[PDB]
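Pasting entry.csv here (CSV, C-alpha atoms):
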chain,number,residue,atom,x,y,z
A,1,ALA,CA,46.0,88.5,-13.7
A,2,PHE,CA,49.0,88.2,-15.9
A,3,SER,CA,49.8,84.8,-17.3
A,4,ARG,CA,53.5,85.3,-16.9
A,5,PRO,CA,55.9,88.0,-15.5
A,6,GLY,CA,57.3,90.3,-18.1
A,7,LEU,CA,54.6,89.7,-20.7
A,8,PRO,CA,51.4,91.8,-21.2
A,9,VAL,CA,48.9,89.0,-21.7
A,10,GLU,CA,46.3,88.7,-18.9
A,11,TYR,CA,43.6,86.2,-18.2
A,12,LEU,CA,40.4,87.8,-16.7
A,13,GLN,CA,37.2,86.7,-15.0
A,14,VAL,CA,34.6,89.1,-16.3
A,15,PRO,CA,31.2,88.8,-14.6
A,16,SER,CA,28.2,88.3,-16.8
A,17,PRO,CA,24.8,89.1,-15.1
A,18,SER,CA,22.9,88.0,-18.1
A,19,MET,CA,24.6,84.6,-18.1
A,20,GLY,CA,24.8,84.4,-14.3
A,21,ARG,CA,28.5,83.5,-14.3
A,22,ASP,CA,32.0,84.8,-14.9
A,23,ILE,CA,33.3,84.6,-18.5
A,24,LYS,CA,37.0,84.0,-18.8
A,25,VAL,CA,38.7,86.5,-21.1
A,26,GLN,CA,42.3,86.6,-22.4
A,27,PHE,CA,43.4,90.2,-22.6
A,28,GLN,CA,46.3,92.5,-23.7
A,29,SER,CA,46.1,96.3,-23.1
A,30,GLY,CA,47.1,98.6,-26.0
A,31,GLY,CA,47.3,101.4,-23.5
A,32,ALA,CA,45.0,103.8,-21.7
A,33,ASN,CA,41.8,104.5,-23.7
A,34,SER,CA,43.1,102.6,-26.7
A,35,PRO,CA,40.7,101.1,-29.2
A,36,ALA,CA,39.6,97.5,-28.7
A,37,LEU,CA,40.0,94.5,-31.1
A,38,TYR,CA,37.5,91.7,-30.2
A,39,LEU,CA,38.7,88.3,-31.6
A,40,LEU,CA,35.8,85.8,-31.8
A,41,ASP,CA,36.5,82.1,-31.6
A,42,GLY,CA,35.3,79.3,-33.9
A,43,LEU,CA,32.5,76.7,-33.7
A,44,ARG,CA,34.4,74.4,-31.3
A,45,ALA,CA,35.5,77.1,-28.8
A,46,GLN,CA,37.1,75.5,-25.7
A,47,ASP,CA,36.8,76.8,-22.1
A,48,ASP,CA,40.5,77.0,-21.3
A,49,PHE,CA,41.8,79.3,-24.1
A,50,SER,CA,40.6,81.1,-27.2
A,51,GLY,CA,41.4,79.4,-30.5
A,52,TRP,CA,43.2,82.6,-31.4
A,53,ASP,CA,45.8,82.2,-28.7
A,54,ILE,CA,46.0,78.4,-29.1
A,55,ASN,CA,46.6,78.6,-32.8
A,56,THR,CA,48.2,82.0,-33.5
A,57,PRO,CA,50.8,84.6,-32.4
A,58,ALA,CA,47.9,87.1,-32.1
A,59,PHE,CA,48.9,88.6,-28.8
A,60,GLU,CA,52.6,88.7,-29.8
A,61,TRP,CA,51.7,90.3,-33.1
A,62,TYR,CA,49.6,93.0,-31.5
A,63,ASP,CA,51.8,93.8,-28.6
A,64,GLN,CA,52.5,97.5,-28.8
A,65,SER,CA,50.2,98.0,-31.8
A,66,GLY,CA,48.1,100.5,-29.8
A,67,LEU,CA,45.1,98.1,-29.9
A,68,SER,CA,43.7,96.3,-26.9
A,69,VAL,CA,43.3,92.6,-27.8
A,70,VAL,CA,40.2,91.0,-26.3
A,71,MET,CA,39.7,87.2,-26.5
A,72,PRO,CA,36.5,85.9,-24.9
A,73,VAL,CA,36.8,82.2,-23.9
A,74,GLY,CA,34.1,79.6,-24.3
A,75,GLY,CA,30.6,79.5,-26.0
A,76,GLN,CA,30.9,76.4,-28.2
A,77,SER,CA,28.3,76.7,-31.0
A,78,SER,CA,27.1,79.9,-29.5
A,79,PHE,CA,27.4,82.1,-32.6
A,80,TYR,CA,28.0,84.8,-30.0
A,81,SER,CA,24.3,85.3,-29.8
A,82,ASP,CA,21.5,85.8,-27.3
A,83,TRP,CA,19.6,82.5,-27.3
A,84,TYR,CA,15.9,82.0,-26.8
A,85,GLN,CA,16.3,78.8,-24.8
A,86,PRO,CA,19.1,77.6,-22.5
A,87,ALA,CA,22.2,76.2,-24.4
A,88,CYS,CA,21.9,72.5,-23.7
A,89,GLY,CA,24.5,70.2,-25.0
A,90,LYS,CA,26.0,66.8,-24.1
A,91,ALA,CA,27.6,68.4,-21.1
A,92,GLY,CA,24.6,70.0,-19.6
A,93,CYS,CA,23.0,73.4,-20.0
A,94,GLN,CA,24.2,77.0,-19.7
A,95,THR,CA,22.8,80.4,-20.3
A,96,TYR,CA,24.0,82.0,-23.6
A,97,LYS,CA,23.5,85.7,-23.8
A,98,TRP,CA,26.7,86.6,-25.7
A,99,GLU,CA,25.4,89.6,-27.6
A,100,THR,CA,24.5,91.1,-24.3
A,101,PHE,CA,27.8,90.2,-22.8
A,102,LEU,CA,29.8,91.6,-25.8
A,103,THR,CA,27.8,94.8,-26.2
A,104,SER,CA,27.5,96.0,-22.7
A,105,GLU,CA,28.8,93.9,-19.8
A,106,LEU,CA,32.3,93.3,-21.3
A,107,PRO,CA,32.8,96.8,-22.7
A,108,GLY,CA,31.7,98.5,-19.5
A,109,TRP,CA,33.8,96.2,-17.4
A,110,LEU,CA,36.9,96.8,-19.6
A,111,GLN,CA,36.4,100.6,-19.6
A,112,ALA,CA,36.1,100.7,-15.8
A,113,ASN,CA,38.9,98.2,-14.9
A,114,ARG,CA,41.3,98.3,-17.8
A,115,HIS,CA,40.6,101.7,-19.4
A,116,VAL,CA,39.6,100.3,-22.8
A,117,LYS,CA,37.7,102.6,-25.0
A,118,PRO,CA,34.1,101.2,-25.2
A,119,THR,CA,33.4,102.5,-28.7
A,120,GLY,CA,35.3,102.5,-32.0
A,121,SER,CA,36.2,98.9,-31.7
A,122,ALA,CA,36.9,96.2,-34.2
A,123,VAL,CA,35.4,92.7,-34.0
A,124,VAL,CA,37.0,89.9,-36.1
A,125,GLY,CA,35.6,86.4,-36.2
A,126,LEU,CA,36.2,83.2,-38.1
A,127,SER,CA,34.0,80.3,-39.2
A,128,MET,CA,31.0,80.4,-36.9
A,129,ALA,CA,32.0,83.8,-35.5
A,130,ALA,CA,32.5,85.2,-39.0
A,131,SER,CA,28.9,86.1,-39.5
A,132,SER,CA,28.6,87.0,-35.7
A,133,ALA,CA,31.2,89.7,-36.3
A,134,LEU,CA,29.3,91.2,-39.2
A,135,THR,CA,26.0,90.9,-37.2
A,136,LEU,CA,27.4,92.6,-34.1
A,137,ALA,CA,28.6,95.5,-36.2
A,138,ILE,CA,25.2,95.8,-37.9
A,139,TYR,CA,23.3,96.2,-34.6
A,140,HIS,CA,26.0,98.0,-32.7
A,141,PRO,CA,27.7,100.3,-35.1
A,142,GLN,CA,28.8,102.9,-32.5
A,143,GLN,CA,30.7,100.1,-30.6
A,144,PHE,CA,32.0,98.2,-33.6
A,145,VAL,CA,33.1,100.4,-36.5
A,146,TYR,CA,35.0,97.5,-38.0
A,147,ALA,CA,34.1,93.9,-38.7
A,148,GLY,CA,36.2,91.0,-39.9
A,149,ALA,CA,34.6,87.9,-41.3
A,150,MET,CA,36.9,84.9,-42.1
A,151,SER,CA,35.5,81.8,-43.8
A,152,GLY,CA,31.9,82.3,-42.6
A,153,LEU,CA,28.5,81.2,-43.8
A,154,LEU,CA,27.3,84.8,-44.5
A,155,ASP,CA,23.7,83.9,-45.5
A,156,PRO,CA,22.7,81.6,-42.6
A,157,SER,CA,19.0,82.0,-43.1
A,158,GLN,CA,19.2,81.1,-46.8
A,159,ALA,CA,18.9,77.8,-48.8
A,160,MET,CA,19.9,75.0,-46.4
A,161,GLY,CA,21.9,77.1,-44.0
A,162,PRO,CA,19.6,76.5,-41.1
A,163,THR,CA,19.9,72.7,-41.5
A,164,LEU,CA,23.6,72.9,-42.0
A,165,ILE,CA,24.1,75.1,-39.0
A,166,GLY,CA,22.0,72.7,-37.0
A,167,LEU,CA,24.2,69.8,-38.2
A,168,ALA,CA,27.3,71.8,-37.1
A,169,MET,CA,25.8,72.7,-33.7
A,170,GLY,CA,24.9,69.2,-33.1
A,171,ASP,CA,28.4,67.9,-33.8
A,172,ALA,CA,30.1,70.6,-31.7
A,173,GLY,CA,28.8,70.0,-28.2
A,174,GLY,CA,25.5,68.5,-29.3
A,175,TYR,CA,23.5,71.7,-29.1
A,176,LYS,CA,20.2,72.4,-30.9
A,177,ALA,CA,19.9,75.2,-33.4
A,178,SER,CA,16.2,75.8,-32.6
A,179,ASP,CA,17.1,76.6,-29.0
A,180,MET,CA,19.2,79.5,-30.3
A,181,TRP,CA,17.1,81.1,-33.0
A,182,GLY,CA,14.1,78.8,-33.0
A,183,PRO,CA,12.6,77.1,-36.1
A,184,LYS,CA,13.7,78.2,-39.5
A,185,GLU,CA,10.8,80.6,-40.0
A,186,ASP,CA,11.5,82.4,-36.8
A,187,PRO,CA,12.5,86.1,-37.3
A,188,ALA,CA,15.8,85.5,-35.5
A,189,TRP,CA,17.2,83.8,-38.6
A,190,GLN,CA,16.9,86.7,-41.1
A,191,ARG,CA,17.9,89.1,-38.3
A,192,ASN,CA,21.2,87.3,-37.8
A,193,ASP,CA,21.8,86.9,-41.6
A,194,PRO,CA,24.5,89.4,-42.7
A,195,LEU,CA,23.9,89.0,-46.4
A,196,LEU,CA,20.3,90.1,-45.7
A,197,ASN,CA,21.3,93.0,-43.5
A,198,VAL,CA,24.3,94.3,-45.6
A,199,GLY,CA,22.4,97.5,-46.2
A,200,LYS,CA,23.1,98.5,-42.6
A,201,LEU,CA,26.8,97.9,-42.9
A,202,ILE,CA,26.7,100.2,-46.0
A,203,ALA,CA,24.5,102.8,-44.4
A,204,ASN,CA,26.8,102.9,-41.3
A,205,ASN,CA,29.9,102.8,-43.4
A,206,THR,CA,31.3,100.1,-41.2
A,207,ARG,CA,34.8,99.0,-42.2
A,208,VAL,CA,34.3,95.4,-43.6
A,209,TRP,CA,37.1,92.9,-44.1
A,210,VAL,CA,35.8,89.6,-45.5
A,211,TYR,CA,38.1,86.6,-46.1
A,212,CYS,CA,37.6,83.2,-47.6
A,213,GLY,CA,39.8,80.5,-49.2
A,214,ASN,CA,38.8,78.5,-52.3
A,215,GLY,CA,39.4,75.1,-50.8
A,216,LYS,CA,42.9,74.4,-52.2
A,217,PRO,CA,45.6,74.2,-49.6
A,218,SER,CA,48.9,76.1,-49.9
A,219,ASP,CA,52.3,75.6,-48.2
A,220,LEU,CA,50.6,76.9,-45.0
A,221,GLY,CA,48.8,73.5,-44.7
A,222,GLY,CA,45.4,72.5,-43.5
A,223,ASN,CA,45.3,69.8,-46.2
A,224,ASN,CA,42.4,67.5,-45.4
A,225,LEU,CA,39.1,66.8,-47.1
A,226,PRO,CA,36.8,68.4,-44.4
A,227,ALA,CA,38.9,71.6,-44.3
A,228,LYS,CA,38.8,71.8,-48.1
A,229,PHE,CA,35.2,71.1,-48.6
A,230,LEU,CA,34.0,73.5,-45.9
A,231,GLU,CA,36.0,76.4,-47.3
A,232,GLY,CA,34.8,75.7,-50.8
A,233,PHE,CA,31.2,75.4,-49.5
A,234,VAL,CA,31.1,78.7,-47.6
A,235,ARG,CA,32.9,80.6,-50.3
A,236,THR,CA,29.6,81.0,-52.2
A,237,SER,CA,27.9,83.0,-49.5
A,238,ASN,CA,31.1,85.1,-49.3
A,239,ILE,CA,30.9,86.0,-53.0
A,240,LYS,CA,27.1,86.7,-52.7
A,241,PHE,CA,28.0,89.0,-49.8
A,242,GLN,CA,30.6,90.9,-51.8
A,243,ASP,CA,28.2,91.3,-54.7
A,244,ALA,CA,25.5,92.6,-52.4
A,245,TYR,CA,27.8,94.9,-50.6
A,246,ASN,CA,29.1,96.3,-53.9
A,247,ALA,CA,25.7,96.4,-55.6
A,248,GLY,CA,24.4,98.3,-52.6
A,249,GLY,CA,26.9,101.1,-52.8
A,250,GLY,CA,29.3,99.8,-50.1
A,251,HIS,CA,32.6,101.6,-50.3
A,252,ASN,CA,34.5,100.6,-47.2
A,253,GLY,CA,35.2,97.0,-47.7
A,254,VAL,CA,38.1,94.7,-48.3
A,255,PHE,CA,37.5,91.3,-50.0
A,256,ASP,CA,40.3,88.7,-49.9
A,257,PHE,CA,39.3,85.6,-51.9
A,258,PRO,CA,42.7,84.1,-52.9
A,259,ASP,CA,43.1,81.0,-55.0
A,260,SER,CA,44.1,79.0,-51.9
A,261,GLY,CA,43.2,78.3,-48.2
A,262,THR,CA,41.2,75.8,-46.3
A,263,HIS,CA,39.0,75.8,-43.2
A,264,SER,CA,42.0,75.8,-40.8
A,265,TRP,CA,43.8,78.1,-38.4
A,266,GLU,CA,47.0,78.5,-40.5
A,267,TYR,CA,45.0,80.7,-42.9
A,268,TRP,CA,43.0,82.7,-40.3
A,269,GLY,CA,46.2,83.5,-38.4
A,270,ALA,CA,48.1,84.7,-41.5
A,271,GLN,CA,45.0,86.8,-42.3
A,272,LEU,CA,44.8,88.4,-38.8
A,273,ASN,CA,48.5,89.4,-39.2
A,274,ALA,CA,47.8,90.8,-42.7
A,275,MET,CA,45.1,93.1,-41.3
A,276,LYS,CA,47.0,94.5,-38.4
A,277,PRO,CA,48.1,97.8,-40.1
A,278,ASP,CA,44.7,98.3,-41.6
A,279,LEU,CA,43.2,97.8,-38.1
A,280,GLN,CA,45.5,100.4,-36.5
A,281,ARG,CA,44.7,103.0,-39.2
A,282,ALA,CA,40.9,102.5,-39.1
A,283,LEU,CA,40.7,102.5,-35.3
A,284,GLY,CA,43.2,105.3,-34.9
A,285,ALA,CA,45.7,103.2,-32.9
A,286,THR,CA,48.8,104.8,-31.4
A,287,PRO,CA,51.7,102.4,-31.3
A,288,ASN,CA,53.3,101.3,-28.0
Any chance you could give the structure as structure tokens?
Amino acid sequence: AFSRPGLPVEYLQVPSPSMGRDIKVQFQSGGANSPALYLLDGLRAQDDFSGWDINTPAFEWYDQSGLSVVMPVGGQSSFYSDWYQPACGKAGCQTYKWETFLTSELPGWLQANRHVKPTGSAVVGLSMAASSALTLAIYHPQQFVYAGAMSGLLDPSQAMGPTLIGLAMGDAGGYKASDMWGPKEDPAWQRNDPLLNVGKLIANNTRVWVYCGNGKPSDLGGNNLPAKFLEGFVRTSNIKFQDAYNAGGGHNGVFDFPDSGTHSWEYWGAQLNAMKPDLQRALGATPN
């Protein structure tokens, strides 16, 4: 259903057999059989709207770009992954099988009901979703030939990442990290660690766009200690990723590590706008 008359933005109820419920999805067609752009939300994803629409002119920017914008809604602290145990937070439990939903249910449903090409898509995520995007492309290269990672912890299985992710998950809905990928030594951790699986991005020649601020705010804003420290903190993993990608022979990446930016939406939005033309070219978009 369209949100308003005269505008292309739609709100959808896409059924998810794996999660036993309907997942809300904001959508905007880029035309029949047009490539898809999946925008993943951050750690504190709400159930009403995607952080992308709440905080950015995304839909408006991509209107007529030839790309179909797909914004799933919900999944706080989900990391868009398929969890071992039910996702139990302060507000009860739910089934989290986001990798399944994103790699089969949603694609299929969009192809059949909105004529969205199921392969040759881009998946861009920020914060939590940042590594999710890289990971999705790594295990589903035919579907996602392009992955965008903004301000993410790219080596989640390393150093204190497991503990830090747990602290984050606990503060955002009160979820438990072990319910998702189990204890730190469980194979799930190094499987969902992009820095450790960079070789696949290189082998598959996936178009990679990684972004991360240095912690110093600019005129764009986001000037507060938490936003500054987080950005500075996750930047390290981003550099390690760039070095691994380069060392490994990667030759289809873009690394934007400016001398500014914090962990806030003003920066992620500006970045999503900056990558529009690159996205169109790589996905073969046809304007209008």
Can you list, as a CSV table (one decimal) with C-alpha atoms, in the coordinates of the input, every protein, DNA or RNA residue that comes within 8 Å of residue A:134 when you count all atoms listed in the file, leaving out same-chain residues fewer than 2 positions away?
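Output below, filename part_36.csv:
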chain,number,residue,atom,x,y,z
A,130,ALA,CA,32.5,85.2,-39.0
A,131,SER,CA,28.9,86.1,-39.5
A,132,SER,CA,28.6,87.0,-35.7
A,136,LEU,CA,27.4,92.6,-34.1
A,137,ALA,CA,28.6,95.5,-36.2
A,138,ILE,CA,25.2,95.8,-37.9
A,147,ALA,CA,34.1,93.9,-38.7
A,148,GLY,CA,36.2,91.0,-39.9
A,149,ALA,CA,34.6,87.9,-41.3
A,194,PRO,CA,24.5,89.4,-42.7
A,208,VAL,CA,34.3,95.4,-43.6
List as a tab-separated table every residue of stretch 11-123 of chain A that is in contact with stretch 282-286 of chain A, defined as an atom at most 8 Å from one of its atoms (using all atoms listed in the file), together with the nearest atom pair and the distance in Å rounded to one decimal, sorted by chain and then rising number.
residue	atom	partner	partner_atom	distance
A:34	CA	A:285	CA	6.7
A:35	CA	A:283	CA	6.3
A:65	CA	A:286	CA	7.0
A:66	CA	A:286	CA	4.6
A:67	CA	A:285	CA	5.9
A:120	CA	A:283	CA	6.3
A:121	CA	A:283	CA	6.8
A:122	CA	A:283	CA	7.4
Would you mind reading off the distance between atom CA of residue A:38 and atom CA of residue A:71, one decimal, in Å?
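For atom CA of residue A:38 relative to atom CA of residue A:71, the distance reads 6.2 Å.
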Name all residues at most 12 Å from residue A:182 (count only C-alpha atoms; drop same-chain ones fewer than 2 positions away) and give them as JSON, numbers by chain.
{"A": [82, 83, 84, 85, 86, 157, 162, 163, 166, 176, 177, 178, 179, 180, 184, 185, 186, 187, 188, 189, 190]}
Okay, now the selection with C-alpha atoms, as a short mmCIF file (atom, residue, chain, number, x, y, z; two decimals), keeping the file's coordinate frame?
data_model
loop_
_atom_site.label_atom_id
_atom_site.label_comp_id
_atom_site.auth_asym_id
_atom_site.auth_seq_id
_atom_site.Cartn_x
_atom_site.Cartn_y
_atom_site.Cartn_z
CA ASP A 82 21.50 85.80 -27.30
CA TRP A 83 19.60 82.50 -27.30
CA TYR A 84 15.90 82.00 -26.80
CA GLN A 85 16.30 78.80 -24.80
CA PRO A 86 19.10 77.60 -22.50
CA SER A 157 19.00 82.00 -43.10
CA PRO A 162 19.60 76.50 -41.10
CA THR A 163 19.90 72.70 -41.50
CA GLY A 166 22.00 72.70 -37.00
CA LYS A 176 20.20 72.40 -30.90
CA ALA A 177 19.90 75.20 -33.40
CA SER A 178 16.20 75.80 -32.60
CA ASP A 179 17.10 76.60 -29.00
CA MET A 180 19.20 79.50 -30.30
CA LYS A 184 13.70 78.20 -39.50
CA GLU A 185 10.80 80.60 -40.00
CA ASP A 186 11.50 82.40 -36.80
CA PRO A 187 12.50 86.10 -37.30
CA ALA A 188 15.80 85.50 -35.50
CA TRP A 189 17.20 83.80 -38.60
CA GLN A 190 16.90 86.70 -41.10
#
If we count only C-alpha atoms, what is near residue A:25 at a cut-off of 12 Å, once residues fewer than 2 positions away on the same chain are taken out, given as a ChimeraX atom specification?
/A:1-3,9-16,22-23,27-28,38-41,47-50,52-53,69-75,101-102,106-107,109-110
What would the file look like if the residues just selected were written as a compact mmCIF listing (two decimals), in the coordinates of the input with C-alpha atoms?
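Saved to out_3.txt:
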# COMPACT_ATOMS: atom_id res chain seq x y z
CA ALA A 1 46.00 88.50 -13.70
CA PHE A 2 49.00 88.20 -15.90
CA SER A 3 49.80 84.80 -17.30
CA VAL A 9 48.90 89.00 -21.70
CA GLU A 10 46.30 88.70 -18.90
CA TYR A 11 43.60 86.20 -18.20
CA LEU A 12 40.40 87.80 -16.70
CA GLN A 13 37.20 86.70 -15.00
CA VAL A 14 34.60 89.10 -16.30
CA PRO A 15 31.20 88.80 -14.60
CA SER A 16 28.20 88.30 -16.80
CA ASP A 22 32.00 84.80 -14.90
CA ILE A 23 33.30 84.60 -18.50
CA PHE A 27 43.40 90.20 -22.60
CA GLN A 28 46.30 92.50 -23.70
CA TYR A 38 37.50 91.70 -30.20
CA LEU A 39 38.70 88.30 -31.60
CA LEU A 40 35.80 85.80 -31.80
CA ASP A 41 36.50 82.10 -31.60
CA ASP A 47 36.80 76.80 -22.10
CA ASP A 48 40.50 77.00 -21.30
CA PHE A 49 41.80 79.30 -24.10
CA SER A 50 40.60 81.10 -27.20
CA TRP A 52 43.20 82.60 -31.40
CA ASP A 53 45.80 82.20 -28.70
CA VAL A 69 43.30 92.60 -27.80
CA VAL A 70 40.20 91.00 -26.30
CA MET A 71 39.70 87.20 -26.50
CA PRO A 72 36.50 85.90 -24.90
CA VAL A 73 36.80 82.20 -23.90
CA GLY A 74 34.10 79.60 -24.30
CA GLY A 75 30.60 79.50 -26.00
CA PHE A 101 27.80 90.20 -22.80
CA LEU A 102 29.80 91.60 -25.80
CA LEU A 106 32.30 93.30 -21.30
CA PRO A 107 32.80 96.80 -22.70
CA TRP A 109 33.80 96.20 -17.40
CA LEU A 110 36.90 96.80 -19.60
Within 10 Å of residue A:223, counting all atoms listed in the file, which residues qualify if same-chain residues fewer than 4 places away don't, as an MDAnalysis selection string?
chainID A and resid 215:219 227:228 261:264
Which is closer to residue A:93 than all the others in A:124, A:220, A:19, A:279, using all atoms listed in the file?
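Comparing A:124, A:220, A:19, A:279 against residue A:93, the winner is A:19.
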What separates atom CA of residue A:5 and atom CA of residue A:55 is a distance of 21.8 Å
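Comparing the minimum interatomic distances between residue A:114 and each of A:174, A:30, A:87, A:239, counting only C-alpha atoms, we find that A:30 sits nearest.
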Spatial sel., origin (31.1, 102.6, -31.2), limit 6 Å, only C-alpha atoms, listed as a PDB file with C-alpha atoms, in the frame of the given file:
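point17.pdb, written as the output of this step:
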ATOM      1  CA  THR A 119      33.400 102.500 -28.700  1.00  0.00           C
ATOM      2  CA  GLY A 120      35.300 102.500 -32.000  1.00  0.00           C
ATOM      3  CA  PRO A 141      27.700 100.300 -35.100  1.00  0.00           C
ATOM      4  CA  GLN A 142      28.800 102.900 -32.500  1.00  0.00           C
ATOM      5  CA  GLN A 143      30.700 100.100 -30.600  1.00  0.00           C
ATOM      6  CA  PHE A 144      32.000  98.200 -33.600  1.00  0.00           C
TER       7      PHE A 144
END
I'd like the interatomic distance between atom CA of residue A:127 and atom CA of residue A:201, to a tenth of an Å.
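Value for the atom CA of residue A:127-atom CA of residue A:201 distance: 19.4 Å.
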